[PDB]
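Encoded as structure tokens, the structure appears first; notes follow it.
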Amino acid sequence: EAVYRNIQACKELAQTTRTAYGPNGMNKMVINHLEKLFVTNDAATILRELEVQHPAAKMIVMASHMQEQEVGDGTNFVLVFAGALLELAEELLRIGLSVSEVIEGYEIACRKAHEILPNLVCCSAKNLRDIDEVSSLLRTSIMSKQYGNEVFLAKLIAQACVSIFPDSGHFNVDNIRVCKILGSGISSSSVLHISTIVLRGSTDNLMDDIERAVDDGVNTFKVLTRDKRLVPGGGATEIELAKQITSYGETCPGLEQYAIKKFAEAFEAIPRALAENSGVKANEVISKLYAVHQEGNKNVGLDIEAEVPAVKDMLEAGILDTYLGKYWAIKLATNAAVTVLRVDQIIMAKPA
Amino acid sequence: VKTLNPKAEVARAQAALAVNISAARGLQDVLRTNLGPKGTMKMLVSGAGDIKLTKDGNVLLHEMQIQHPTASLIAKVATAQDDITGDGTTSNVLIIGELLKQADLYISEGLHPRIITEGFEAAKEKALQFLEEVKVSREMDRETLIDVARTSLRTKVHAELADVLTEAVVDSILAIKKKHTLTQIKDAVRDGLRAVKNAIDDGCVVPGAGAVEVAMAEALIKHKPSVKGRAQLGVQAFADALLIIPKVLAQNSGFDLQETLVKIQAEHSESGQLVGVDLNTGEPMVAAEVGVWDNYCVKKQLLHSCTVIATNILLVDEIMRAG
Amino acid sequence: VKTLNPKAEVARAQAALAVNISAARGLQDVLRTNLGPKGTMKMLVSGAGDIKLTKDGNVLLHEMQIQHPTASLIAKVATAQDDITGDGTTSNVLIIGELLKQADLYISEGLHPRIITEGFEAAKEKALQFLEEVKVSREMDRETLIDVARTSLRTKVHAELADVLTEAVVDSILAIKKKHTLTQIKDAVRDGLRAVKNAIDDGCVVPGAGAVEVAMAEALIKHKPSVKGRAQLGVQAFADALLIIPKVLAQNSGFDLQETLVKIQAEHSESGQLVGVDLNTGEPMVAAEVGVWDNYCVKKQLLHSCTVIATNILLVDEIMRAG
Amino acid sequence: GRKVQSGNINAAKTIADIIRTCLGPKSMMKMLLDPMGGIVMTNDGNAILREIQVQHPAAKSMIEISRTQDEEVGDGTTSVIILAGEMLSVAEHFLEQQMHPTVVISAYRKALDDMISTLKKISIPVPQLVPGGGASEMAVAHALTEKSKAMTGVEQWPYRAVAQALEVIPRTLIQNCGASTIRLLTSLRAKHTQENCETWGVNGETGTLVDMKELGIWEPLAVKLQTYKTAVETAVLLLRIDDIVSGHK
Amino acid sequence: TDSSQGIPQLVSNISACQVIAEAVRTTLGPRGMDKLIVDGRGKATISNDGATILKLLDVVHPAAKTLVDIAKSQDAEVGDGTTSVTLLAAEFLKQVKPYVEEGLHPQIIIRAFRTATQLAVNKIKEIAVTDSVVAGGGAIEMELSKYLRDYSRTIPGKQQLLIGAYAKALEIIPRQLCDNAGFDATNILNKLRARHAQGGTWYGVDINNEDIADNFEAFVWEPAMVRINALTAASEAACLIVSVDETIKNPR
Ligand SMILES: Nc1ncnc2c1ncn2[C@@H]1O[C@H](COP(=O)(O)OP(=O)(O)O)[C@@H](O)[C@H]1O
Ligand SMILES: Nc1ncnc2c1ncn2[C@@H]1O[C@H](COP(=O)(O)OP(=O)(O)O)[C@@H](O)[C@H]1O
Ligand SMILES: Nc1ncnc2c1ncn2[C@@H]1O[C@H](COP(=O)(O)OP(=O)(O)O)[C@@H](O)[C@H]1O
Ligand SMILES: Nc1ncnc2c1ncn2[C@@H]1O[C@H](COP(=O)(O)OP(=O)(O)O)[C@@H](O)[C@H]1O
Ligand SMILES: Nc1ncnc2c1ncn2[C@@H]1O[C@H](COP(=O)(O)OP(=O)(O)O)[C@@H](O)[C@H]1O
Ligand SMILES: [Mg+2]
Ligand SMILES: [Mg+2]
Ligand SMILES: [Mg+2]
Ligand SMILES: [Mg+2]
Ligand SMILES: [Mg+2]
């Protein structure tokens, strides 16, 4: 009765963010501690002004911050996937297995998922200096954040990152400064010279969003410098991971079976939140994705463009993701979920 | 007519035994989940909000808001009793929580508390005897200390950290002889250091996994007839009480805490070798062979501490409002 | 929107075990005082006001205002179970009140009721065995029947009337074979007649005074290891339960019901002869020599009746409001 | 659905839960408390059902269906209120995801046609007999779970839900023996994924797994067919009831 | 009010925008009811202009505040059309509440106020006449409505009854133009719709007399660019308030 209040708070932490996942993510009005309305789509800034105080939920936010400083993206994955992990654990503890029996099941499934991933990579970044290969490939990071002028920001950030770049790596995400000249005209933004993006918004509230999108953009260039392996985005890799983990769980006997199958059904909660944020029915598209991934397409994902539940290849469409950005996402999400699964009977402390 | 009121009247004869026993049982049911590997951490949020995963007895009893005054006592007396032995709490609080429950039956049946405690004393003597005849004393080679440190590090951190710190603690003591998760790692390393130190000091690594609790309870029951009259009801409440450690060990690993204990008591009676609780399959296992070791400085004091505290909390007639 | 209410929801899984066990324990604590000589009558005032000293189980359970429905059951099933044996109530209700209490411990510990009752069955079989090996079968001379009638008449009336009716009942059966205190004398004579008749019918006068309860509980405990797994917890709750009869026998005579029982269990283990409870000095006594006898038709059915009722009242999940 | 196919599942859940444990050789008595004095203990599902005034039309229909089955086939009358409370309990997890009752009824009625294909297949002659215990249910469940790996549709989750709902019969045959329903049902699943182990069931008196070709429990394949038909029909007769309105005649 | 997350929050924001528009509606038009707003100094300000009412009004609700900021932004750069903008915005929000009470979802309502608005500004830039001018006093919202519904009839999918509700939500500007003069709107609008079905792409409400009048000939003119900017700003305000899912009020 005390491990269910933790899960019932990590759920409510994952529901105020789930609705801001895909490019079609909602856009909520976060009143600032200073009372300044900046309606923002970013779901890492939401946590800054939400200040979740329930300690069980605070650990998922700490894992989200770890993902925000280890890599630059996947902040929602870390708290929309850990939320599914715990929602399904509560759906599994009531069967009665124990906290102990589902934690190690999740750990086995996470070890499995980190060995499936390097077999899901389907692209790379052959030349990290070719400007179209740095724009068309860095698009998805901004597209997920700022749908619309996804390719203009893509190119304008590709220019900045490729310019200040040695022959060995050493990309510095703090090198690219971002000016915020309160002009008018998004297109008027450019890259001066260490670089700098002038980022001429219109009202100093529709370029702060663009400033966060630039953050998420260049953060994808940094990780792309460390690991070139790229995995299909838009639920493709998630559905494939879920399929293979379900298979592994079906082969393996014992009580870990249930936790492994729940870890797969927790991976299915990424394309479910991707579709539920677009109007299409979630079950329709999860079935249409599992049925094309069984044939062996391995690269098909959600089609955000259409109105009805639709499937589309993500390699030929160019909506990819980054390998490290999902490796660390799954790792930190599992570690966060198993942590607040251990914690029972949150006691108050003694006044020091 | 000034000052004619005889105030200060609380807790008469049982009203205090009931209160103290309920407080001890509550403190047991709070720490019952954190015993052994596959246990369960606790949060301990402060006023500022500094969470602290704290699966152990010392840091818990020393830092948690214990409302009941009797439980506050049992914690102030149990914390100050595990710095001469290193770490044996979370077993003290439980065993006390059964010396005080297995006695509530006979006390409610109409027995006098100072009759059980005589049985507690005789049972403690026989338990110390059986523990001095069961100590396996072997050389403190790096191999054994690996086990004596791994079994005490898996107790505080999972097998990811408790499989890289064993080497660091058995090679930081073999070179001296002649964030909310850094506090956790620091305390686990200080407790593995204390465990390997206590193993080095005496040289006895008496088996664990509840094997000695089972073998110490059954020798008592085989010794009960030869003690005395109503004293026998103190060695049959100190026998079923050094029997929760296997029970709670099985309970924390998702097993029925009556089938595993029965299998252990049967397999111990067949082969005569002291057998413990396998935390993965629930079947009995030989803790000496598998490589789980307790300390003859921790279970030698787990008897004195538990018996002293339980006898003292059984020997109370009134709880009165002092100044 | 007519008729959308799922009514009738009471007593879920334990909510009914707790209720039934508390009802059985209350019915035990009501009849606990009337067991054995030196017992205690009850009043049973009717509506008109006809008082009736009624120290026995049949007339009590059959005529008293039993409020709790479960206790009303246990009495409707216990009264209809002592006309095939003559008189063995007041021991049924007590033993049931311990098969249901000594099981509440293990059940609250997390056991399933249908695991204890298997142990109840095995223990009943071993108890019937030990009772068929302990029956002392002797001639039904007027001497022995004097004892078998005096021990059953002192149970219902004091030693003033129970020393002039023994002759009248052993000479009213040796001639047929081949006011609020007249009802009392009539019932005591009908119960001495039934007792001497049951002694004549089979020829076994198996000792009483709780001696067979003690000797039947200790043989069980010596047989517990050889039964099964968690079934053992049914022969260790059917052993400490065929142990209240000596306990309550001692309690009704103003003795501590743990010292006398310990002395009896020790003296029985030394000399191996089944020993009972002396109701005058509290010291153990040999019921066979002193001249107190039970019937092998009353204690052969005290096991079946108690076990059946207790197993049935342990095997309840819901108490639902019927029509 | 809405609050009418979820107020008909709670009636079915209530009726099933009342008798769920009155099943097996290790039955567990229940107490029927009359207005005046009350207690009458009986481990017979039918009497318990014929003596509790439910007053709810859904529950009244489950009781009615159960009585008819009892007065038609006799045996398999407390395995009908179950598998209809259980198959409804799993239906609610899809009526909460905005899935029309027509879709689950098109899945239940589709699982049935495959439910009665392995009972015809795992049967033994001398009509025919089907392995008792939980073997017949676990065999059907595994068969449906293997047939549901080629569904590629939205009526694929309700298909597996029915399969995993034919486990409340072993789940109770294990719960009444005191054993752990989880650690044992997983072993049953493991046993049933093999080739010939289609008769492995639960020893209803010991709480252990025994091949029913060696324990000797067998149920006729006319009380295991009418049971499943009646269950999956009371599960689609209480799922297609959109409104409970007044009626004058 | 619930105003928790999703449909409840959207309905709350819609009601707040309805309130903030209802506080300015009667001011729309050449001759419109004044408003007597008093500051904290006891000054009586009578002004029949929506700009000077929103700059003197306490906006303590977030959605209302965003709508008022977009209205002030329109008033700052363009001038004309700071109450028609908020009127169109609140009407767009009012006419999708019956569709957002179901699970239609805002993400789809947003891909109906952007296709329809782009099409309407295309129609304006195609039908405008010469600097380019279009007949005001209605006569556009009564034509853009006829065009948008006649086009939405040819849309297979969910955007049919959303563009068809976008179109129906334009009839308010030619409605309160005559509801402010007291002209029995449900008759002048019926005449305008009937006259826009046949022909008359410049027929709008006349204010000198209770009848429809060709507004291009009557020289009641509106700059095409101003109408396009007002339409785009109103649609963007709508989309903003429709694209809001929760209100994260920082605890401190
Ligand atoms: N155009 C697209 N179509 C479909 N799915 C997309 C598209 N762009 C991104 N995605 C997916 O949705 C996610 C949205 O990213 P977002 O949740 O904002 O970042 P993160 O979760 O990594 O912090 C991407 O990581 C990717 O998996
Ligand atoms: N790997 C293991 N397997 C089985 N039992 C163990 C293992 N590690 C420790 N134990 C047992 O758990 C018991 C309780 O330890 P715990 O309460 O967690 O810490 P402490 O030893 O400080 O009380 C010890 O008596 C020990 O025998
Ligand atoms: N004189 C006696 N001394 C000791 N015990 C006795 C004596 N008379 C009877 N008892 C014991 O008292 C027990 C209970 O008898 P009681 O409950 O009074 O009536 P019933 O025999 O009908 O249950 C019997 O088992 C018998 O052994
Ligand atoms: N000895 C047994 N061991 C295991 N299962 C059994 C045994 N006897 C019967 N069963 C099973 O118990 C289930 C419940 O049957 P029962 O409780 O008699 O009611 P019904 O079959 O009428 O629903 C049946 O599936 C039957 O095959
Ligand atoms: N003389 C007029 N006859 C008919 N309609 C008019 C006339 N003058 C203005 N309008 C209409 O009134 C509407 C509101 O304009 P108004 O409130 O005066 O300024 P704003 O356009 O800034 O709100 C405009 O859409 C315009 O078409
Ligand atoms: Mg992102
Ligand atoms: Mg320790
Ligand atoms: Mg008698
Ligand atoms: Mg049957
Ligand atoms: Mg104007």
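Ordering of the structure tokens sets the chain letters (A, B, ...), residue numbers begin anew at 1 in every chain, and ligands are numbered from 1 in the order given.
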Within-6 Å residues of ligand 2, basis only C-alpha atoms and all ligand atoms, as a PyMOL selection string = chain B and resi 35-37+87-91+151+155+208-210+277-279+294
Residues at most 10 Å from ligand 9, using only C-alpha atoms and all ligand atoms? Could they come as a VMD selection string?
-> chain D and resid 23 to 25 44 to 45 74 to 79 219 223
Nearby residues, ligand 8, 12 Å, only C-alpha atoms and all ligand atoms, as a PyMOL selection string = chain C and resi 34-37+39+55-58+82+85-92+148-157+187-196+198+208-209+292-295+297-299+302
Can I get the selected residues back with N, CA and C atoms, as a short mmCIF file (atom, residue, chain, number, x, y, z; two decimals), in the first residue's frame?
```cif
data_model
loop_
_atom_site.label_atom_id
_atom_site.label_comp_id
_atom_site.auth_asym_id
_atom_site.auth_seq_id
_atom_site.Cartn_x
_atom_site.Cartn_y
_atom_site.Cartn_z
N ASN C 34 -16.99 -24.41 33.66
CA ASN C 34 -17.84 -25.51 34.09
C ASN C 34 -17.21 -26.88 33.90
N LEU C 35 -15.93 -26.95 33.54
CA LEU C 35 -15.31 -28.22 33.23
C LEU C 35 -14.75 -28.87 34.49
N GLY C 36 -15.10 -30.13 34.71
CA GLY C 36 -14.53 -30.90 35.78
C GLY C 36 -15.18 -30.62 37.12
N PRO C 37 -14.91 -31.46 38.11
CA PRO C 37 -15.31 -31.14 39.48
C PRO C 37 -14.69 -29.82 39.90
N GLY C 39 -16.08 -27.15 39.48
CA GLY C 39 -16.43 -26.25 38.41
C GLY C 39 -17.29 -25.10 38.88
N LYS C 55 -24.84 -26.93 35.60
CA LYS C 55 -23.44 -27.15 35.26
C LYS C 55 -23.29 -28.38 34.37
N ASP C 56 -23.30 -28.17 33.06
CA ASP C 56 -23.01 -29.19 32.05
C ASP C 56 -23.06 -28.51 30.69
N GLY C 57 -22.69 -29.26 29.66
CA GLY C 57 -22.63 -28.71 28.32
C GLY C 57 -23.91 -28.84 27.53
N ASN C 58 -24.57 -29.98 27.65
CA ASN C 58 -25.77 -30.24 26.86
C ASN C 58 -26.88 -29.26 27.22
N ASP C 82 -23.58 -35.18 20.90
CA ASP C 82 -23.33 -35.81 22.19
C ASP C 82 -24.52 -36.66 22.62
N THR C 85 -22.74 -40.49 22.07
CA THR C 85 -21.65 -40.78 22.99
C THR C 85 -22.05 -40.61 24.45
N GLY C 86 -23.18 -39.96 24.72
CA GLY C 86 -23.67 -39.77 26.06
C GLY C 86 -23.41 -38.38 26.59
N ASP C 87 -22.15 -38.06 26.90
CA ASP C 87 -21.83 -36.72 27.35
C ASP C 87 -20.34 -36.47 27.15
N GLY C 88 -20.01 -35.57 26.23
CA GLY C 88 -18.63 -35.21 26.03
C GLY C 88 -18.49 -33.74 25.68
N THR C 89 -19.59 -32.99 25.79
CA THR C 89 -19.55 -31.56 25.58
C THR C 89 -18.81 -30.89 26.73
N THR C 90 -18.63 -29.57 26.62
CA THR C 90 -17.86 -28.74 27.55
C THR C 90 -16.38 -29.05 27.35
N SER C 91 -16.09 -30.15 26.67
CA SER C 91 -14.75 -30.46 26.21
C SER C 91 -14.64 -30.27 24.72
N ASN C 92 -15.72 -30.56 23.99
CA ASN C 92 -15.79 -30.22 22.58
C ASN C 92 -15.63 -28.73 22.38
N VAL C 148 -16.43 -45.30 37.80
CA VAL C 148 -16.82 -44.71 36.53
C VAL C 148 -18.11 -43.93 36.68
N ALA C 149 -18.86 -44.18 37.76
CA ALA C 149 -20.08 -43.43 38.02
C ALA C 149 -19.84 -42.27 38.97
N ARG C 150 -18.93 -42.43 39.93
CA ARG C 150 -18.60 -41.33 40.83
C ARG C 150 -17.89 -40.21 40.09
N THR C 151 -16.96 -40.54 39.19
CA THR C 151 -16.27 -39.51 38.43
C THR C 151 -17.19 -38.78 37.47
N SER C 152 -18.31 -39.38 37.09
CA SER C 152 -19.27 -38.72 36.21
C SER C 152 -20.42 -38.08 36.97
N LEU C 153 -20.58 -38.38 38.25
CA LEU C 153 -21.59 -37.73 39.08
C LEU C 153 -21.04 -36.54 39.84
N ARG C 154 -19.79 -36.62 40.32
CA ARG C 154 -19.13 -35.46 40.90
C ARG C 154 -18.99 -34.34 39.89
N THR C 155 -19.10 -34.65 38.60
CA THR C 155 -19.00 -33.64 37.56
C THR C 155 -20.24 -32.75 37.52
N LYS C 156 -21.40 -33.27 37.93
CA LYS C 156 -22.64 -32.51 37.82
C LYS C 156 -23.22 -32.06 39.15
N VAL C 157 -22.88 -32.74 40.25
CA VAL C 157 -23.33 -32.33 41.58
C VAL C 157 -22.15 -32.45 42.53
N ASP C 187 -30.86 -34.82 35.94
CA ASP C 187 -29.91 -34.81 34.84
C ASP C 187 -28.60 -35.47 35.24
N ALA C 188 -28.15 -35.25 36.48
CA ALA C 188 -26.93 -35.92 36.93
C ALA C 188 -27.10 -37.43 36.97
N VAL C 189 -28.28 -37.91 37.36
CA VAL C 189 -28.49 -39.35 37.38
C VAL C 189 -28.60 -39.91 35.97
N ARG C 190 -29.26 -39.19 35.06
CA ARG C 190 -29.29 -39.66 33.67
C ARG C 190 -27.90 -39.65 33.04
N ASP C 191 -27.02 -38.78 33.51
CA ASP C 191 -25.68 -38.75 32.94
C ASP C 191 -24.75 -39.76 33.59
N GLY C 192 -25.03 -40.16 34.83
CA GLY C 192 -24.25 -41.22 35.41
C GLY C 192 -24.70 -42.55 34.85
N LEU C 193 -26.00 -42.68 34.57
CA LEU C 193 -26.49 -43.88 33.91
C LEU C 193 -25.86 -44.03 32.53
N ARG C 194 -25.84 -42.94 31.74
CA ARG C 194 -25.20 -43.02 30.43
C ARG C 194 -23.71 -43.32 30.54
N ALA C 195 -23.04 -42.78 31.56
CA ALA C 195 -21.61 -43.04 31.69
C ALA C 195 -21.33 -44.50 32.03
N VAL C 196 -22.04 -45.04 33.02
CA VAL C 196 -21.84 -46.45 33.36
C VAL C 196 -22.28 -47.36 32.22
N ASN C 198 -22.05 -46.66 28.92
CA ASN C 198 -20.96 -46.64 27.95
C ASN C 198 -19.75 -47.41 28.45
N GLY C 208 -8.79 -40.70 32.91
CA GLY C 208 -9.25 -39.34 32.76
C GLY C 208 -8.37 -38.33 33.46
N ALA C 209 -9.00 -37.30 34.03
CA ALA C 209 -8.29 -36.20 34.70
C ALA C 209 -7.32 -35.50 33.76
N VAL C 292 -10.02 -42.54 38.68
CA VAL C 292 -10.80 -41.69 37.80
C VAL C 292 -10.70 -42.26 36.39
N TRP C 293 -11.85 -42.47 35.76
CA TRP C 293 -11.90 -43.10 34.46
C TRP C 293 -12.78 -42.31 33.51
N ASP C 294 -12.33 -42.16 32.28
CA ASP C 294 -13.15 -41.66 31.20
C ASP C 294 -13.66 -42.86 30.40
N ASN C 295 -14.32 -42.60 29.28
CA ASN C 295 -14.86 -43.66 28.46
C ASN C 295 -14.16 -43.66 27.11
N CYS C 297 -15.67 -44.45 24.58
CA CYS C 297 -16.72 -44.05 23.67
C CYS C 297 -16.95 -42.55 23.70
N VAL C 298 -16.36 -41.85 24.65
CA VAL C 298 -16.50 -40.41 24.77
C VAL C 298 -15.27 -39.68 24.26
N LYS C 299 -14.08 -40.20 24.55
CA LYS C 299 -12.86 -39.61 24.01
C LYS C 299 -12.55 -40.11 22.61
N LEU C 302 -14.75 -37.43 21.09
CA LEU C 302 -14.27 -36.08 21.32
C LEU C 302 -13.26 -35.65 20.26
#
```
Smallest atom-to-atom distance to chain A: which of D:166, D:231, D:209, D:154, using only C-alpha atoms?
-> D:154
Find the residues near residue 85 (chain A): any atom within 12 Å, counting only C-alpha atoms, skip ones fewer than 5 places away on the same chain, and give them as number ranges by chain.
-> A: 7, 10-11, 14, 60, 77-80, 90-93, 102-103, 105-107, 109-110, 259-270, 330, 333-341
Give me the residues within 6 Å of residue 302 (chain A) as a ChimeraX atom specification, counting only C-alpha atoms and dropping any in the same chain fewer than 2 places off.
-> /A:234,304,311
Which residues come within 6 Å of region 122-133 of chain C, counting only C-alpha atoms, excluding same-chain residues fewer than 2 positions away, as a PyMOL selection string?
-> chain C and resi 119-120+135+216+235
Go ahead and write the residues just picked, N, CA, C and O atoms, as a PDB file, in the first residue's frame.
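Written output follows (selection.pdb):
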```pdb
ATOM      1  N   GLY C 119      -3.198 -31.260   8.560  1.00  0.00           N
ATOM      2  CA  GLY C 119      -2.516 -31.612   9.790  1.00  0.00           C
ATOM      3  C   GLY C 119      -3.484 -32.028  10.878  1.00  0.00           C
ATOM      4  O   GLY C 119      -3.196 -32.934  11.657  1.00  0.00           O
ATOM      5  N   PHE C 120      -4.639 -31.359  10.956  1.00  0.00           N
ATOM      6  CA  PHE C 120      -5.683 -31.803  11.875  1.00  0.00           C
ATOM      7  C   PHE C 120      -6.078 -33.247  11.607  1.00  0.00           C
ATOM      8  O   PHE C 120      -6.270 -34.024  12.542  1.00  0.00           O
ATOM      9  N   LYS C 135      -6.243 -47.630  25.937  1.00  0.00           N
ATOM     10  CA  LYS C 135      -7.444 -48.104  26.610  1.00  0.00           C
ATOM     11  C   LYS C 135      -7.109 -49.249  27.553  1.00  0.00           C
ATOM     12  O   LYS C 135      -6.598 -50.288  27.124  1.00  0.00           O
ATOM     13  N   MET C 216      -1.723 -37.819  24.795  1.00  0.00           N
ATOM     14  CA  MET C 216      -2.075 -37.785  23.384  1.00  0.00           C
ATOM     15  C   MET C 216      -1.457 -36.599  22.672  1.00  0.00           C
ATOM     16  O   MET C 216      -1.298 -36.637  21.449  1.00  0.00           O
ATOM     17  N   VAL C 235      -0.469 -30.591  13.270  1.00  0.00           N
ATOM     18  CA  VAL C 235      -0.271 -31.519  14.372  1.00  0.00           C
ATOM     19  C   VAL C 235       0.436 -30.859  15.537  1.00  0.00           C
ATOM     20  O   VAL C 235       0.618 -31.490  16.584  1.00  0.00           O
TER      21      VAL C 235
END
```
What residues have any atom no more than 7 Å from ligand 10 when counting only C-alpha atoms and all ligand atoms, and can you list them as a ChimeraX atom specification?
-> /E:79-82
When the cut-off is 9 Å and you count only C-alpha atoms and all ligand atoms, which residues lie near ligand 4, shown as an MDAnalysis selection string?
-> chainID D and resid 21:27 44:45 70 74:82 130:137 169:170 172:174 201:207 212 215:219 223:224 227
Which polymer residues have any atom within 8 Å of an atom of residue 2 (chain C), counting only C-alpha atoms, with same-chain residues fewer than 4 positions away left out, as an MDAnalysis selection string?
-> chainID D and resid 244:246
Pick from C:221, C:176, C:244, C:23, whichever lies nearest to ligand 3 using only C-alpha atoms and all ligand atoms |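 Once distances to ligand 3 are computed over only C-alpha atoms and all ligand atoms, the minimum belongs to C:244.
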